[PDB]
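Data block for input.csv (CSV, C-alpha atoms and all ligand atoms):
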chain,number,residue,atom,x,y,z
A,491,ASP,CA,-10.8,-2.3,63.4
A,492,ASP,CA,-13.6,0.3,63.1
A,493,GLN,CA,-11.1,3.2,63.5
A,494,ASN,CA,-8.7,1.9,60.8
A,495,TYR,CA,-11.6,1.3,58.5
A,496,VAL,CA,-13.0,4.8,59.2
A,497,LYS,CA,-9.7,6.7,59.0
A,498,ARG,CA,-8.7,5.2,55.7
A,499,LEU,CA,-11.9,6.1,53.8
A,500,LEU,CA,-12.4,9.4,55.7
A,501,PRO,CA,-12.2,12.1,53.1
A,502,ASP,CA,-10.4,14.6,55.4
A,503,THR,CA,-8.6,14.4,58.8
A,504,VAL,CA,-8.1,16.5,61.9
A,505,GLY,CA,-5.2,17.0,64.3
A,506,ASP,CA,-4.6,14.1,66.7
A,507,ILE,CA,-7.4,11.9,65.3
A,508,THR,CA,-6.1,8.4,66.2
A,509,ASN,CA,-6.9,8.9,69.9
A,510,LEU,CA,-9.8,11.2,69.3
A,511,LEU,CA,-12.2,8.5,68.2
A,512,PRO,CA,-12.2,6.6,71.6
A,513,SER,CA,-12.3,9.9,73.5
A,514,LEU,CA,-15.4,11.3,71.9
A,515,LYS,CA,-18.1,12.0,74.5
A,516,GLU,CA,-21.7,11.1,74.6
A,517,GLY,CA,-23.5,12.8,71.8
A,518,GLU,CA,-20.2,14.3,70.4
A,519,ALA,CA,-19.6,13.9,66.7
A,520,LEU,CA,-16.9,14.7,64.1
A,521,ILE,CA,-18.5,15.8,60.8
A,522,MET,CA,-16.5,16.2,57.6
A,523,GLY,CA,-17.4,16.1,53.9
A,524,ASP,CA,-18.2,18.5,51.0
A,525,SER,CA,-21.3,19.8,52.7
A,526,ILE,CA,-19.2,21.3,55.5
A,527,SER,CA,-16.0,23.2,54.7
A,528,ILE,CA,-14.2,22.9,58.0
A,529,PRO,CA,-14.0,19.4,59.6
A,530,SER,CA,-15.3,20.2,63.0
A,531,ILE,CA,-16.0,18.5,66.3
A,532,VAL,CA,-19.7,19.1,67.2
A,533,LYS,CA,-22.1,18.3,70.0
A,534,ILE,CA,-25.4,17.0,68.6
A,535,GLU,CA,-28.3,19.0,70.1
A,536,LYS,CA,-30.2,16.8,72.6
A,537,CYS,CA,-33.3,15.1,71.3
A,538,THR,CA,-36.4,16.4,73.0
A,539,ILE,CA,-38.5,13.6,71.5
A,540,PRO,CA,-36.0,10.8,72.0
A,541,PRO,CA,-35.8,7.3,70.8
A,542,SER,CA,-36.7,6.2,74.4
A,543,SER,CA,-33.6,5.7,76.5
A,544,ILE,CA,-33.5,1.9,76.9
A,545,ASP,CA,-31.2,1.7,79.9
A,546,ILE,CA,-32.8,0.1,82.9
A,547,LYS,CA,-31.9,1.6,86.2
A,548,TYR,CA,-30.3,-1.3,87.9
A,549,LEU,CA,-29.0,-0.9,91.5
A,550,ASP,CA,-32.1,0.9,92.9
A,551,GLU,CA,-34.3,-1.6,91.1
A,552,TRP,CA,-32.2,-4.3,92.7
A,553,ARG,CA,-32.4,-2.4,96.0
A,554,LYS,CA,-36.2,-2.8,96.4
A,555,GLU,CA,-38.0,-5.9,97.5
A,556,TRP,CA,-38.1,-9.2,95.7
A,557,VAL,CA,-41.0,-8.5,93.4
A,558,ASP,CA,-43.2,-11.3,92.1
A,559,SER,CA,-42.7,-11.4,88.3
A,560,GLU,CA,-45.9,-12.4,86.5
A,561,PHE,CA,-44.4,-15.4,84.7
A,562,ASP,CA,-47.7,-16.5,83.1
A,563,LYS,CA,-48.2,-13.5,80.8
A,564,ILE,CA,-44.5,-13.4,80.0
A,565,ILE,CA,-44.6,-17.1,78.9
A,566,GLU,CA,-47.9,-16.7,76.9
A,567,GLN,CA,-46.5,-13.8,74.9
A,568,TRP,CA,-43.3,-15.8,74.4
A,569,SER,CA,-45.6,-18.6,73.2
A,570,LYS,CA,-47.2,-16.6,70.4
A,571,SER,CA,-43.9,-14.8,69.7
B,83,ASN,CA,21.0,38.9,31.6
B,84,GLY,CA,17.4,37.7,31.7
B,85,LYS,CA,17.8,34.0,30.9
B,86,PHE,CA,17.4,31.4,33.6
B,87,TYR,CA,19.7,28.5,34.2
B,88,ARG,CA,18.6,26.0,36.8
B,89,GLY,CA,21.7,25.0,38.7
B,90,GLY,CA,22.6,23.1,41.9
B,91,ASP,CA,24.8,24.2,44.8
B,92,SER,CA,25.8,27.5,43.1
B,93,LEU,CA,27.7,29.6,45.7
B,94,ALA,CA,27.0,33.2,46.6
B,95,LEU,CA,29.3,34.5,49.3
B,96,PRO,CA,27.5,36.4,52.1
B,97,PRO,CA,26.5,39.2,52.5
B,98,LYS,CA,24.5,39.6,49.3
B,99,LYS,CA,21.7,42.1,48.7
B,100,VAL,CA,18.3,40.4,48.7
B,101,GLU,CA,15.2,41.9,47.0
B,102,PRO,CA,12.1,40.2,45.7
B,103,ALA,CA,12.4,38.9,42.1
B,104,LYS,CA,10.7,41.2,39.5
B,105,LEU,CA,8.2,40.0,36.9
B,106,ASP,CA,10.7,39.1,34.1
B,107,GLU,CA,13.0,36.8,36.0
B,108,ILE,CA,10.2,34.7,37.4
B,109,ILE,CA,8.7,34.6,33.9
B,110,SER,CA,12.2,33.4,32.6
B,111,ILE,CA,12.0,30.4,34.9
B,112,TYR,CA,9.0,28.8,33.2
B,113,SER,CA,8.8,30.5,29.8
B,114,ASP,CA,12.5,30.1,28.7
B,115,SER,CA,12.8,26.3,29.1
B,116,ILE,CA,9.9,25.6,26.7
B,117,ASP,CA,10.0,26.8,23.0
B,118,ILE,CA,7.4,29.5,22.2
B,119,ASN,CA,5.5,27.3,19.7
B,120,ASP,CA,5.5,24.5,22.3
B,121,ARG,CA,3.9,26.6,25.2
B,122,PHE,CA,0.4,25.5,26.4
B,123,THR,CA,-1.0,27.7,29.2
B,124,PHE,CA,-3.9,26.8,31.4
B,125,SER,CA,-2.7,28.2,34.7
B,126,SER,CA,-0.7,31.0,36.3
B,127,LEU,CA,1.5,31.2,39.4
B,128,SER,CA,-0.3,31.3,42.7
B,129,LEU,CA,1.7,34.0,44.4
B,130,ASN,CA,2.2,36.0,41.2
B,131,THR,CA,-0.9,36.1,38.9
B,132,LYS,CA,1.0,38.0,36.3
B,133,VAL,CA,3.5,35.1,35.9
B,134,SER,CA,2.0,32.5,33.6
B,135,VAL,CA,3.0,28.9,33.9
B,136,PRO,CA,3.2,27.2,30.5
B,137,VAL,CA,3.8,23.4,30.1
B,138,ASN,CA,5.4,21.7,27.2
B,139,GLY,CA,2.2,21.2,25.1
B,140,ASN,CA,3.5,18.2,23.2
B,141,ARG,CA,4.9,16.5,26.3
B,142,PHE,CA,1.8,17.4,28.3
B,143,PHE,CA,-0.5,15.2,26.3
B,144,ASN,CA,1.6,12.2,25.0
B,145,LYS,CA,2.7,11.5,28.6
B,146,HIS,CA,-0.5,10.8,30.5
B,147,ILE,CA,-2.0,13.4,32.8
B,148,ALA,CA,-3.1,12.4,36.4
B,149,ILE,CA,-5.3,15.2,37.9
B,150,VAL,CA,-5.8,14.3,41.5
B,151,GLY,CA,-7.5,16.2,44.4
B,152,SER,CA,-10.2,16.0,46.9
B,153,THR,CA,-13.9,16.5,46.2
B,154,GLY,CA,-14.8,20.1,45.8
B,155,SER,CA,-11.3,21.2,45.0
B,156,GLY,CA,-12.1,22.0,41.4
B,157,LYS,CA,-10.7,18.9,39.7
B,158,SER,CA,-13.4,18.8,37.1
B,159,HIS,CA,-12.9,22.6,36.5
B,160,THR,CA,-9.2,22.0,35.9
B,161,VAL,CA,-10.0,19.2,33.5
B,162,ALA,CA,-12.6,21.4,31.7
B,163,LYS,CA,-10.2,24.4,31.5
B,164,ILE,CA,-7.4,22.2,30.0
A,601,LIG,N1,-9.2,27.8,38.9
A,601,LIG,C1,-10.2,28.0,39.8
A,601,LIG,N2,-10.3,29.3,40.4
A,601,LIG,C2,-11.3,29.5,41.2
A,601,LIG,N3,-12.2,28.7,41.6
A,601,LIG,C3,-12.2,27.4,41.1
A,601,LIG,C4,-11.1,27.0,40.2
A,601,LIG,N4,-11.3,25.7,39.9
A,601,LIG,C5,-12.4,25.3,40.6
A,601,LIG,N5,-13.0,26.3,41.3
A,601,LIG,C6,-14.1,26.2,42.2
A,601,LIG,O1,-14.1,25.0,42.9
A,601,LIG,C7,-15.4,24.4,43.0
A,601,LIG,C8,-15.3,22.9,43.0
A,601,LIG,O2,-15.7,22.3,41.8
A,601,LIG,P1,-14.8,21.1,41.1
A,601,LIG,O3,-13.4,21.4,41.3
A,601,LIG,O4,-15.3,20.8,39.7
A,601,LIG,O5,-15.2,19.9,42.1
A,601,LIG,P2,-14.6,18.4,42.0
A,601,LIG,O6,-13.1,18.6,42.1
A,601,LIG,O7,-15.2,17.7,43.1
A,601,LIG,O8,-15.1,17.9,40.6
A,601,LIG,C9,-16.2,25.0,41.8
A,601,LIG,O9,-17.5,25.4,42.3
A,601,LIG,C10,-15.4,26.1,41.3
A,601,LIG,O10,-16.1,27.4,41.5
A,602,MG,MG,-16.7,17.2,39.3

As structure tokens:
Amino acid sequence: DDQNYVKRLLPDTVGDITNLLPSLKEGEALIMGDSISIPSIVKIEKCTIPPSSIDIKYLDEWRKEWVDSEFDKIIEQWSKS
Amino acid sequence: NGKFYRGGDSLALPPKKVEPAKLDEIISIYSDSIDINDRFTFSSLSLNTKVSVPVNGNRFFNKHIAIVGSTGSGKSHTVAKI
């Protein structure tokens, strides 16, 4: 539904664009408009001061010991919201 | 003899000598169908800049004009030139 919305109001198009939108990689963008003459597929240059990657490492953090989560300060911050 | 008649399925038996059309026959395609007082020119042919393309100036403006094109293609320039 996003792709049919985007492709209809997209001012230009590129070759084989229907399957291109799911197959875009991580950080890969398709820019078109009147500020760029050729609709091009670009890789956005990696952010050196990132919005901090919020993706918790999961298996290795499960792999360690059963840690004692401090429920008291978690609840008391939940309490004041 | 220099006057253009648009026809359909006119037969030329092969082989026939083929050369590029000169300036006057291409002019006769667009200029001859419109009376000289009725010609209104705002453009020329893309592949032959010497060939001017006139439209029927009365029929150009009574029947409404729809100028359509993408952003940055010059649509406002074509409107301004007309
Ligand atoms: N007949 C023409 N020959 C050469 N360049 C043109 C012609 N018409 C428009 N342009 C160029 O195309 C550019 C786009 O402007 P314009 O067509 O007015 O944009 P829009 O179609 O978005 O209003 C202009 O900067 C102009 O220089
Ligand atoms: Mg404009």

Please identify all protein, DNA and RNA residues within 9 Å of ligand LIG 601 (chain A), counting only C-alpha atoms and all ligand atoms, and report them as a PyMOL selection string. (chain A and resi 524) or (chain B and resi 125+150-163)

As JSON, numbers by chain, please: the residues near residue 531 (chain A) (cut-off 8 Å, all atoms listed in the file, same-chain neighbours under 6 positions excluded). {"A": [518, 519, 520, 521]}

Please determine the contact residues of chain A with respect to chain B at a cut-off of 10 Å, counting all atoms listed in the file, and supply them as a PyMOL selection string. chain A and resi 501-502+523-525+527

So, with all atoms listed in the file as the atoms that count, which of B:126, B:131, B:140, B:115 lies closest to residue 88 (chain B)? B:115

Please determine the residues with any atom at most 12 Å from (-4.8, 15.1, 28.1) (coordinates as given in the file, with only C-alpha atoms counting) and report them as a ChimeraX atom specification. /B:122,139-149,160-164

Would you write out those residues with C-alpha atoms, as an mmCIF file, in the frame of the given file?
data_model
loop_
_atom_site.group_PDB
_atom_site.id
_atom_site.type_symbol
_atom_site.label_atom_id
_atom_site.label_comp_id
_atom_site.auth_asym_id
_atom_site.auth_seq_id
_atom_site.Cartn_x
_atom_site.Cartn_y
_atom_site.Cartn_z
ATOM 1 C CA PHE B 122 0.400 25.500 26.400
ATOM 2 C CA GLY B 139 2.200 21.200 25.100
ATOM 3 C CA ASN B 140 3.500 18.200 23.200
ATOM 4 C CA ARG B 141 4.900 16.500 26.300
ATOM 5 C CA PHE B 142 1.800 17.400 28.300
ATOM 6 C CA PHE B 143 -0.500 15.200 26.300
ATOM 7 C CA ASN B 144 1.600 12.200 25.000
ATOM 8 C CA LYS B 145 2.700 11.500 28.600
ATOM 9 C CA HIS B 146 -0.500 10.800 30.500
ATOM 10 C CA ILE B 147 -2.000 13.400 32.800
ATOM 11 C CA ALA B 148 -3.100 12.400 36.400
ATOM 12 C CA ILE B 149 -5.300 15.200 37.900
ATOM 13 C CA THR B 160 -9.200 22.000 35.900
ATOM 14 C CA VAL B 161 -10.000 19.200 33.500
ATOM 15 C CA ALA B 162 -12.600 21.400 31.700
ATOM 16 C CA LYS B 163 -10.200 24.400 31.500
ATOM 17 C CA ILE B 164 -7.400 22.200 30.000
#

Could you please determine the separation between CA of residue 104 (chain B) and CA of residue 91 (chain B) in Å, to one decimal place?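 Those two atoms sit 22.7 Å apart.
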
Work out how far CA of residue 530 (chain A) is from CA of residue 509 (chain A), in Å to one decimal.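 A separation of 15.7 Å between them.
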
Quick test: take chain A, keep C-alpha atoms, and write it as a PDB file, in the first residue's frame.
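Once everything was written out, this is decode23.pdb:
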ATOM      1  CA  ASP A 491       0.000   0.000   0.000  1.00  0.00           C
ATOM      2  CA  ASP A 492       2.981   2.295   0.602  1.00  0.00           C
ATOM      3  CA  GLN A 493       4.461   1.403  -2.786  1.00  0.00           C
ATOM      4  CA  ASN A 494       1.276   2.092  -4.754  1.00  0.00           C
ATOM      5  CA  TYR A 495       0.938   5.377  -2.856  1.00  0.00           C
ATOM      6  CA  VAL A 496       4.559   6.344  -3.532  1.00  0.00           C
ATOM      7  CA  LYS A 497       4.733   5.255  -7.190  1.00  0.00           C
ATOM      8  CA  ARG A 498       1.559   7.128  -8.160  1.00  0.00           C
ATOM      9  CA  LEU A 499       2.688  10.490  -6.738  1.00  0.00           C
ATOM     10  CA  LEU A 500       6.362   9.953  -7.618  1.00  0.00           C
ATOM     11  CA  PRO A 501       7.252  12.674 -10.165  1.00  0.00           C
ATOM     12  CA  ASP A 502       9.620  10.410 -12.131  1.00  0.00           C
ATOM     13  CA  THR A 503      10.285   6.684 -12.431  1.00  0.00           C
ATOM     14  CA  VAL A 504      13.201   4.323 -12.988  1.00  0.00           C
ATOM     15  CA  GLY A 505      13.526   0.995 -14.764  1.00  0.00           C
ATOM     16  CA  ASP A 506      12.055  -1.975 -12.850  1.00  0.00           C
ATOM     17  CA  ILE A 507      10.789   0.071  -9.907  1.00  0.00           C
ATOM     18  CA  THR A 508       7.946  -2.221  -8.735  1.00  0.00           C
ATOM     19  CA  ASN A 509      10.315  -4.797  -7.212  1.00  0.00           C
ATOM     20  CA  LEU A 510      13.056  -2.244  -6.493  1.00  0.00           C
ATOM     21  CA  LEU A 511      11.352  -0.748  -3.425  1.00  0.00           C
ATOM     22  CA  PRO A 512      11.388  -3.993  -1.338  1.00  0.00           C
ATOM     23  CA  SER A 513      14.926  -4.821  -2.505  1.00  0.00           C
ATOM     24  CA  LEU A 514      16.534  -1.542  -1.418  1.00  0.00           C
ATOM     25  CA  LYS A 515      19.340  -2.214   1.038  1.00  0.00           C
ATOM     26  CA  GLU A 516      20.064  -0.734   4.444  1.00  0.00           C
ATOM     27  CA  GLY A 517      20.848   2.943   3.920  1.00  0.00           C
ATOM     28  CA  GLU A 518      20.113   2.786   0.169  1.00  0.00           C
ATOM     29  CA  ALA A 519      17.830   5.500  -1.213  1.00  0.00           C
ATOM     30  CA  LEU A 520      16.193   6.451  -4.512  1.00  0.00           C
ATOM     31  CA  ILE A 521      16.175  10.237  -4.969  1.00  0.00           C
ATOM     32  CA  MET A 522      14.225  12.028  -7.685  1.00  0.00           C
ATOM     33  CA  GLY A 523      12.881  15.530  -8.127  1.00  0.00           C
ATOM     34  CA  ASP A 524      13.732  18.857  -9.704  1.00  0.00           C
ATOM     35  CA  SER A 525      16.812  19.339  -7.507  1.00  0.00           C
ATOM     36  CA  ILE A 526      18.459  16.282  -9.109  1.00  0.00           C
ATOM     37  CA  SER A 527      18.354  15.815 -12.877  1.00  0.00           C
ATOM     38  CA  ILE A 528      18.881  12.032 -13.065  1.00  0.00           C
ATOM     39  CA  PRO A 529      16.728   9.832 -10.786  1.00  0.00           C
ATOM     40  CA  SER A 530      19.521   7.854  -9.162  1.00  0.00           C
ATOM     41  CA  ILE A 531      19.904   5.060  -6.624  1.00  0.00           C
ATOM     42  CA  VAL A 532      22.255   6.263  -3.895  1.00  0.00           C
ATOM     43  CA  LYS A 533      23.824   4.928  -0.710  1.00  0.00           C
ATOM     44  CA  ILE A 534      23.473   7.493   2.072  1.00  0.00           C
ATOM     45  CA  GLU A 535      26.867   8.146   3.678  1.00  0.00           C
ATOM     46  CA  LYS A 536      27.055   6.521   7.125  1.00  0.00           C
ATOM     47  CA  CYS A 537      26.257   8.783  10.042  1.00  0.00           C
ATOM     48  CA  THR A 538      29.328   9.252  12.242  1.00  0.00           C
ATOM     49  CA  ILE A 539      27.259  10.923  14.979  1.00  0.00           C
ATOM     50  CA  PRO A 540      24.302   8.539  14.757  1.00  0.00           C
ATOM     51  CA  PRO A 541      20.856   8.593  16.186  1.00  0.00           C
ATOM     52  CA  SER A 542      21.986   5.855  18.593  1.00  0.00           C
ATOM     53  CA  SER A 543      21.338   2.401  17.181  1.00  0.00           C
ATOM     54  CA  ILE A 544      18.490   1.151  19.357  1.00  0.00           C
ATOM     55  CA  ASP A 545      18.796  -2.567  18.568  1.00  0.00           C
ATOM     56  CA  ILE A 546      19.461  -4.633  21.675  1.00  0.00           C
ATOM     57  CA  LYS A 547      21.876  -7.506  21.147  1.00  0.00           C
ATOM     58  CA  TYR A 548      19.681 -10.413  22.033  1.00  0.00           C
ATOM     59  CA  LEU A 549      21.137 -13.937  21.937  1.00  0.00           C
ATOM     60  CA  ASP A 550      24.423 -13.167  23.708  1.00  0.00           C
ATOM     61  CA  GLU A 551      22.525 -11.126  26.300  1.00  0.00           C
ATOM     62  CA  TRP A 552      20.253 -14.146  26.699  1.00  0.00           C
ATOM     63  CA  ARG A 553      23.373 -16.348  26.734  1.00  0.00           C
ATOM     64  CA  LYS A 554      24.720 -14.850  29.972  1.00  0.00           C
ATOM     65  CA  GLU A 555      23.519 -15.555  33.509  1.00  0.00           C
ATOM     66  CA  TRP A 556      20.029 -14.791  34.810  1.00  0.00           C
ATOM     67  CA  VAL A 557      20.672 -11.243  35.994  1.00  0.00           C
ATOM     68  CA  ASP A 558      18.716  -9.706  38.866  1.00  0.00           C
ATOM     69  CA  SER A 559      16.726  -6.873  37.315  1.00  0.00           C
ATOM     70  CA  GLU A 560      16.331  -4.030  39.812  1.00  0.00           C
ATOM     71  CA  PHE A 561      12.541  -3.871  39.797  1.00  0.00           C
ATOM     72  CA  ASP A 562      12.267  -1.133  42.445  1.00  0.00           C
ATOM     73  CA  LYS A 563      13.766   1.740  40.440  1.00  0.00           C
ATOM     74  CA  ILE A 564      11.996   0.517  37.293  1.00  0.00           C
ATOM     75  CA  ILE A 565       8.629   0.662  39.082  1.00  0.00           C
ATOM     76  CA  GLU A 566       9.324   3.996  40.795  1.00  0.00           C
ATOM     77  CA  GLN A 567      10.165   5.656  37.463  1.00  0.00           C
ATOM     78  CA  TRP A 568       7.043   4.032  35.997  1.00  0.00           C
ATOM     79  CA  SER A 569       5.148   5.515  38.953  1.00  0.00           C
ATOM     80  CA  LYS A 570       6.073   9.144  38.227  1.00  0.00           C
ATOM     81  CA  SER A 571       5.888   8.488  34.439  1.00  0.00           C
TER      82      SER A 571
END
